[PDB]
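Engineer: Chains from the complex, first installment, not repositioned:
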Amino acid sequence: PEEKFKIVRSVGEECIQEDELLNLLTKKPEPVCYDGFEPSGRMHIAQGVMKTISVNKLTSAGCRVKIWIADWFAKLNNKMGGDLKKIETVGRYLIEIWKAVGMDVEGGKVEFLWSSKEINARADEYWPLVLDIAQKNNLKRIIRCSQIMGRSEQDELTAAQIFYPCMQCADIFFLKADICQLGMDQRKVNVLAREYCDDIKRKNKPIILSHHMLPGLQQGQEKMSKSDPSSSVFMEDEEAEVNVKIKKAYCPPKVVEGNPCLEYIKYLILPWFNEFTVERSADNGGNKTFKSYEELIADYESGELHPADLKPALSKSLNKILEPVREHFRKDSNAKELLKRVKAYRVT
Amino acid sequence: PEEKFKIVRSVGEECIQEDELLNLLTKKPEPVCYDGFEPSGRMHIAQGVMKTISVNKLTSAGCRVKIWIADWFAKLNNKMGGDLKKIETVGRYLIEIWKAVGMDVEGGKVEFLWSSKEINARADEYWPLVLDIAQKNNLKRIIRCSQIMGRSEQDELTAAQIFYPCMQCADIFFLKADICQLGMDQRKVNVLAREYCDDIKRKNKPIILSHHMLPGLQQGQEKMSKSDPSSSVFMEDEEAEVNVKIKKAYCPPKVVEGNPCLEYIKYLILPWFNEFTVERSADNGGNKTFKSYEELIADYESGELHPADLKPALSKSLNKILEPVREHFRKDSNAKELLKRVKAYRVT
């Protein structure tokens, strides 16, 4: 009904043709949305938790979700070298993260799909699609759509940088994915898919749900920073590491925009616990719970929410979120082996 | 061994790593030979005659020639609108030409492999190799490999132009190919495959055996252009068409450099009949048979051989060469339908 649109649209901060989203929800009972991941080692906090809450919201409406875990795409991005077995291991690490935190696996309605497996299974239907998308486009469009890897950087042009966007755009139609829920970076390949769908004269163009970019822990880079372990926070970071990283995290008081701590709160813990408690002394306002981001930012502007006590509360909340994962690795031996391997590898 | 090297080197104008070719013949008694064709437009006299004599000499010397029908590749070049069905009909019509002319298919040493029936059968180890050749190369090197499609760097780029060289360089290894016969048009791909073998430290570097492509029948055209059917001879042309084309051909008196007729003779008739019988009247020397190119070129430089009689003899020889194709097309209703379907298609 209207509830499906009212909860689905909340997942993506920006969407195009939301009327098409409503039409899709009304026409189809089980829409299919995907998510693309390059297994670049240890998991980012954004992909870990923001994606988890987003997919929980989407499956609350019953929308089918497919995990488009992308190994050959990681090879194109040249993450952890050109090797494939290590990429497969870190990919199954990501799957174990999904199961350990608890995402939707209890229902089994989600689908973890390896790019290699699905592409090889239906190559005759996938690769001709890739070639068609390539033919319908030129180098200028694909080079424009290069930020999806993040390797554009006004750097040396690469053939992988050209095979990437077409190959990703093929995934949308290959998975019969009618809902695209990805980061702001993937919006370029989503727009490319829309243009190609217009060119192929096929209606029901897939809708895009671009959720907000999660800032790094420190000022200097608004987008994701997976090249600096200090600048981001990960799932296998221990309690002491998480706490010290958040204490070192940038957080200027009397600031609304550009504060990574507030963004982490709003996009991670408020949708998770449906609330947020801040512990303070009897002279600083005492322990207080918050139910909305608006009141939290209003009190932060008021100054009663000092960062010096906000960051410990944020650390406690994130530790509460991530402790089921850590307990899962101390119970599962396979999880222990995977963590040992993925910690052994170095990001290159 | 030595005779095999002599025969195989006799067909290619340029041969890189001749010693490696000799070693390959010494070890492998039936080295595999690769040559590709995008089924686009109508067969030129080159791909019909030089390829026929090349395959004949290679099989007689002992080889296993793997010929490629590039159906998907033609779709990338935007040939005949990219319809796979239109490309397929042109492929089986080409196969009919090749069987008519004298391909030694009876020995079983020639296999007509179509890209679609082969890539779909093995895409789990072909496409990943395409991704590998993608990563190992940068975009600028691929752009330098643009003479392959006939698109100059001034001409607007296209993602098909980046997909194409990567897939065919991948073909050079996917077919387990050892020999590439394709002429100066494919030299960029040849050297790129060699440099990739250097990058992937391959121990079997493929040999380059580029043919000499015929100069166009116009002024300054070093290769025939199918976009202008008046500058090339086609395999299915009728005796009147061949005769008028040769009559309108260019052949300056007592000049060898850039003479299309001399190249036609050298690469088509002398390798075919082991001679070139020219019938002349008693006023200018009477009938004369040439057993080698050297005597013919010496006579031409002397001026005693006049193009006025050279051209009709060339026309008669070409008609004798091409009459099996016409007979095969006329005798078979299926061949007739294929021929009329091919001509029906317009030049793109």
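Structural biologist: Right, received. Where do you want to start? Numbers count the residues shown, from 1 in each chain, chains lettered A, B, ... in the order given.
Engineer: three-state assignment of the most centrally placed residue in chain A?
Structural biologist: A centroid search over chain A (Cα atoms, centre = their mean) returns residue A:47, at 3.2 Å, as the residue closest to the centre. Following DSSP: H, G, I helix; E, B strand; the rest coil, residue A:47 is assigned to helix.
Engineer: Spatially nearest residue to residue A:112 (excluding sequence neighbours)?
Structural biologist: Nearest residue to residue A:112, sequence neighbours excluded (Cβ to Cβ, 6 or more residues apart in numbering or on different chains): residue A:67, at 4.3 Å. All C-beta atoms are positioned from the backbone trio N, CA, C, and that covers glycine.
Engineer: Equivalent analysis for residue A:135, please.
Structural biologist: Nearest to residue A:135 is residue B:160, by Cβ to Cβ, 6+ apart, at 4.6 Å.
Engineer: repeat for residue A:76
Structural biologist: Among residues not flanking residue A:76 along the chain, residue A:160 sits closest, at 4.3 Å (Cβ to Cβ, 6+ apart).
Engineer: Would you map out the domains in chain A?
Structural biologist: Split into domains by automatic domain parsing, chain A comes to A:2-211, A:239-344.
Engineer: quick one, which of those is nearest to residue B:281?
Structural biologist: Among those, the nearest to residue B:281 by Cβ to Cβ is domain A:2-211 (56.6 Å).
Engineer: Any chance of the domains of chain A in JSON lines with distance to residue B:31 as columns?
Structural biologist: JSON lines is the format used below for the domains of chain A (distance: least, Cβ to Cβ, whole Å):
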{"stretch": "domain A:2-211", "distance to residue B:31": "29"}
{"stretch": "domain A:239-344", "distance to residue B:31": "43"}
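Engineer: and the gap between residue A:143 and residue B:143?
Structural biologist: Counting by Cβ to Cβ, to the nearest Å, the separation of residue A:143 from residue B:143 is 12 Å.
Engineer: Contacts only, for residue A:194.
Structural biologist: The contact partners of residue A:194, taken as Cβ atoms under 8 Å, 6 or more residues apart in numbering or on different chains, are A:16, A:205-206, A:208.
Engineer: Residue A:138 against residue B:151, yeah?
Structural biologist: No. Residue A:138 is beyond contact range of residue B:151, at 11.4 Å (criterion: Cβ atoms under 8 Å).
Engineer: give me the number of residues near the nearest residue to residue A:137 once chain neighbours are set aside?
Structural biologist: Residue nearest to residue A:137 in three dimensions, not counting chain neighbours: residue B:159, with 4.9 Å by Cβ to Cβ, 6+ apart. Neighbour count of residue B:159, defined by other Cβ atoms under 10 Å in any protein chain shown: 25.
Engineer: what's residue B:159 in contact with, if anything?
Structural biologist: Residue B:159 touches A:133-135, A:137-139, A:141-142, A:162, A:166, counting by Cβ under 8 Å, 6+ apart.
Engineer: let's see 10 Å
Structural biologist: Residue B:159 sits next to A:130-131, A:133-143, A:162-163, A:165-166, B:76 when contact means Cβ atoms under 10 Å, 6 or more residues apart in numbering or on different chains.
Engineer: Looking at the domains of chain A, which one is packed in the most?
Structural biologist: Most buried of those, by mean neighbour count (mean count of other Cβ atoms under 10 Å in any protein chain shown): domain A:2-211, with a mean of 19.
Engineer: throw RNA strand C onto that model:
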RNA sequence: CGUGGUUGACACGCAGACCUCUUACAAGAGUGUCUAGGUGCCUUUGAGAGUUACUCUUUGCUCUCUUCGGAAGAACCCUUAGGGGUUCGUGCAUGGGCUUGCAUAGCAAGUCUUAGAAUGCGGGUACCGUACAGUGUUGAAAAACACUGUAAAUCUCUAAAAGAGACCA
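Structural biologist: To build on what is shown above, here is RNA strand C added in:
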């Protein structure tokens, strides 16, 4: 290509095209044949998102609603069908006088006739004619008739371009 002349042709010369020869296309010559079109009708509504990307202006491109409908028309379905429904299939500028710049009546400043379709050019469109491609029939070759198309068939075949500031106009 006109004139004696029915589009087209024929007397006549030339124009172009096709063919042959001197075979190098070039340059010239030869005796040949052909050239095509006509008719009738429509064609200016806006907004919106994406699209150079760093924005803004001029825009161009698809693009979904909406429209005095992207029409005159083509395709299909219902089909007692007189009719109805769906899809494809759309043009760009200028104008003429009223008050002024101007001697009130060129061009511009305020409206104007959805477009006087008013003015020119252009899109496809339906029909006829000619020839050709192909098919069948009447067929002794030849020829005649009917039908499907061609003539008027292809460059952002790959939608982004210009400018002005910012960091790159």
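Engineer: The contacts of residue A:194 again please, RNA strand C included this time.
Structural biologist: For residue A:194, the contacting residues are A:16-17, A:169, A:172, A:180, A:205-208, by Cβ under 10 Å, 6+ apart.
Engineer: swap the cut-off to 7 Å and go again
Structural biologist: The contact partners of residue A:194, taken as Cβ atoms under 7 Å, 6 or more residues apart in numbering or on different chains, are residue A:205.
Engineer: Pretty sure the residue nearest to the centre of chain A sits against residue A:36.
Structural biologist: No. In this structure, residue A:47 is not within contact of residue A:36 by Cβ atoms under 7 Å, at 10.3 Å.
Engineer: Now list whatever residues contact both of those two.
Structural biologist: With Cβ under 7 Å, 6+ apart, residue A:47 and residue A:36 have no common neighbours.
Engineer: of all the residues in the stretch 51-200 of chain A, which ones are close to RNA strand C?
Structural biologist: Residues of the stretch 51-200 of chain A lying close to RNA strand C by Cβ under 7 Å from any atom of the strand are A:135-138, A:140-141, A:144, A:191, A:194-195, A:198-199.
Engineer: and if we set it to 10 Å?
Structural biologist: Within the stretch 51-200 of chain A, the positions near RNA strand C by Cβ under 10 Å from any atom of the strand are A:132, A:134-145, A:147, A:152, A:154, A:187-188, A:190-192, A:194-199.
Engineer: what do you get for the stretch 201-348 of chain A?
Structural biologist: Checking the stretch 201-348 of chain A against RNA strand C by Cβ under 10 Å from any atom of the strand, the hits are A:201-203, A:205, A:208.
Engineer: ok, of the residues you listed, which one's closest to residue A:113?
Structural biologist: Lowest distance from residue A:113 to those (Cβ to Cβ) belongs to residue A:208, with 19.7 Å.
Engineer: quick one, phi/psi of that closest one?
Structural biologist: In terms of degrees, to the nearest 10, the main-chain angles of residue A:208 are phi -110, psi 140.
Engineer: Spatially, what comes nearest to residue A:63 if we skip its sequence neighbours?
Structural biologist: residue A:31 (4.8 Å).
Engineer: check contacts around the closest residue to residue A:110 other than its chain neighbours.
Structural biologist: With Cβ to Cβ, 6+ apart as the criterion, residue A:110 has its nearest non-adjacent residue at 4.7 Å, and that residue is residue A:104. Going by Cβ under 7 Å, 6+ apart, residue A:104 touches A:55-56, A:59, A:110.
Engineer: got it, and residue A:120?
Structural biologist: Counting by Cβ under 7 Å, 6+ apart, residue A:120 touches B:123-124.
Engineer: Can you point out the helix or strand that includes it?
Structural biologist: Assigned by DSSP states H and E, residue A:120 falls within helix A:115-121.
Engineer: That helix: how far from the chain's middle?
Structural biologist: From the chain centre to the centre of helix A:115-121 is a distance of 22 Å (Cα atoms, centre = their mean, to the nearest Å).
Engineer: I'd like to know which of the residues of the stretch 201-348 of chain A next to RNA strand C are part of helices.
Structural biologist: Using DSSP state H, no member of these sits in helices.
Engineer: All the helices of the stretch 101-250 of chain A, residue numbers only.
Structural biologist: Remark: helices assigned in the stretch 101-250 of chain A by DSSP state H, counting those that start in this stretch are A:115-121, A:123-136, A:139-144, A:160-174, A:187-199, A:239-248.
Engineer: Next, format those helices as a markdown table and append distance to residue B:85.
Structural biologist: Formatted as a markdown table, these follow (distance: least, Cβ to Cβ, whole Å):
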| stretch | distance to residue B:85 |
| --- | --- |
| helix A:115-121 | 25 |
| helix A:123-136 | 13 |
| helix A:139-144 | 28 |
| helix A:160-174 | 21 |
| helix A:187-199 | 20 |
| helix A:239-248 | 60 |
